[PDB]
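The first sequence begins at 2 in full-length UniProt numbering and counts up one residue at a time.
All C-beta atoms in this analysis are idealised placements derived from N, C-alpha and C, irrespective of residue type, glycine included.
In what follows, a single structure is set out as structure tokens and then discussed.
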Amino acid sequence: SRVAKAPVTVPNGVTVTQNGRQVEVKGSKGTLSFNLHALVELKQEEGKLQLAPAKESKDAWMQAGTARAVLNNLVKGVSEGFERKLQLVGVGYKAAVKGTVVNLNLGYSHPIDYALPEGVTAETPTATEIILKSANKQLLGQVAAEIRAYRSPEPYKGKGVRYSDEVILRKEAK
RNA sequence: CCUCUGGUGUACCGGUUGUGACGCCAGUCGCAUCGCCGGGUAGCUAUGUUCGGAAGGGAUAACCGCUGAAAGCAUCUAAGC
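Laid out in structure tokens, this is it:
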């Protein structure tokens, strides 16, 4: 695996520790832990880190590549972090933030109150846009997916919640 | 279930025909589908009354995913959620 062979960089301020199979990553953002597969081994020399299989199995190489990708995501998140961003298209579609809760008006007969999970924060510069930030890329993606699933986009006028860089399939009636 | 509305209610009350008897009048009783007819207490009962299939947890089906390599991309999947 070219991915597994590629090294990951600990930039300056994040510390990677290990105990058993539980590799922990520490930074200004916070703690992030990742259980590690039995067939993969991790070597932390100098700033860099190297993932390599404990044997010569294709399964071991696959697990090593997956572990390397996940740990690169973790170290990138604890230092810079990820933001997703979400748009709202349609008349009267609006969003607002009250602390840990997002208020959404999406054309239903009732408003929707989404409780954000611990670790992800949201901003609404304008009522049409939402910006979500977190150090956990998977958690950020899951939250964005749920908010989109509240009203996924429709193909005739593109109305509904969408990702910022999302291609929308548009057809025409009749 | 029987408070209400009703049915039934041949051991509750009354009207009335024929006949026989209680010595006779009066008053009663036997028999005639409970003789026939009109009501009707409890009980039982429906067509009457009240109530029920409300709400919530867990694992899932098709299906939709998050992150993610094998396969530098992509990918709901092989780890994991």
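**Message:** Need the endpoints of the alpha helix (DSSP H) that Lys-6 sits in, please.
**Reply:** Within the first sequence, numbered from 1, the residue matching residue 6 stands at position 5. Where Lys-6 is concerned, the enclosing alpha helix (DSSP H) stretches over 3-6.
**Message:** Between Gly-159 and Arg-171, how many whole angstroms is the CB-CB distance? I'm expecting something under 8 Å.
**Reply:** Along the first sequence, one-based indexing puts residue 159 at 158. Along the first sequence, one-based indexing puts residue 171 at 170. 6 Å between Cβ atoms; contact.
**Message:** Any contact between the region 75-87 and the region 33-46? By contact I mean 3 or more CB pairs, one from each, below 8 Å.
**Reply:** yes
**Unbroken alpha helix (DSSP H) run spanning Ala-150, endpoints** = For the purposes of this step, residue 150 is taken as the residue at position 149 of the first sequence. Its alpha helix (DSSP H) spans residues 138-151.
**Request:** Scan the region 23-102 and note each continuous beta strand (DSSP E) run of 3 residues or more that stays entirely inside, going in chain order.
**Result:** 23-27, 33-36, 41-44, 49-54, 87-90, 95-99
**Asked** Nearest-angstrom Cα distance between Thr-67 and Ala-116?
**Response** Counting from 1 along the first sequence, the entry for residue 67 is found at position 66. Counting from 1 along the first sequence, the entry for residue 116 is found at position 115. If I take the Cα positions, the gap works out to 31 Å.
**Prompt:** Got a sec? Which residues, its chain only, sit under 7 Å from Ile-113 by beta carbon, not counting five neighbours each side?
**Reply:** Within the first sequence, the letter at position 112 stands for residue 113. Excluding residues within five positions, the ones whose Cβ falls inside 7 Å are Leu-105, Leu-107, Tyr-151.
**Prompt:** Can you tell me where the beta strand (DSSP E) with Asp-166 in it begins and where it stops?
**Reply:** Numbered from its first residue, the first sequence carries residue 166 at position 165. In the DSSP assignment, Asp-166 falls outside any beta strand (DSSP E) and carries neither an H nor an E.
**Prompt:** Taking the continuous beta strand (DSSP E) assigned at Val-17, which residues delimit it?
**Reply:** Residue mapping note: residue 17 aligns to position 16 of the first sequence, counting from 1. Run containing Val-17: 16-20, per the beta strand (DSSP E) assignment.
**Prompt:** Secondary structure at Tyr-157, three-state DSSP: helix, strand or coil?
**Reply:** Here residue 157 refers to the residue found at position 156 of the first sequence. Three-state result, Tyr-157: coil.
**Message:** Short of 6 Å in beta carbon distance, which residues of its chain neighbour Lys-95, apart from the five on each side in sequence? Order them along the chain.
**Reply:** Counting from 1 along the first sequence, the entry for residue 95 is found at position 94. Excluding positions up to five away in sequence, the list reads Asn-106, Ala-128.
**Message:** What residue range does the beta strand (DSSP E) around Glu-124 cover?
**Reply:** Here residue 124 corresponds to residue number 123 of the first sequence, with the count starting at 1. Where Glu-124 is concerned, the enclosing beta strand (DSSP E) stretches over 121-124.
**Asked** Does the distance from the CB of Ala-65 to the CB of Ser-2 come in under 8 Å?
**Response** Taking the first residue of the first sequence as 1, we reach residue 65 at position 64. Taking the first residue of the first sequence as 1, we reach residue 2 at position 1. Against a cut-off of 8 Å, the Cβ pair of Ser-2 and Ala-65 comes out as a contact.
**Request:** Provide the residue span of the beta strand (DSSP E) that contains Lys-134, from first to last.
**Result:** Your numbering for residue 134 matches position 133 in the first sequence. Per DSSP, the unbroken beta strand (DSSP E) holding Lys-134 starts and ends at 130-135.
**Asked** Cβ of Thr-125 within 8 Å of Cβ of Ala-97?
**Response** Along the first sequence, one-based indexing puts residue 125 at 124. Along the first sequence, one-based indexing puts residue 97 at 96. A contact, by the Cβ cut-off of 8 Å.
**Prompt:** For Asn-137, does the count of other Cβ atoms within 10 angstroms reach 16, so buried, or fall short, so exposed?
**Reply:** Within the first sequence, the letter at position 136 stands for residue 137. Buried.
**Asked** Mind checking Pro-154: buried by the 16 CB within 10 Å criterion, or exposed?
**Response** In the first sequence, the residue the question calls residue 154 occupies position 153. That one is buried.
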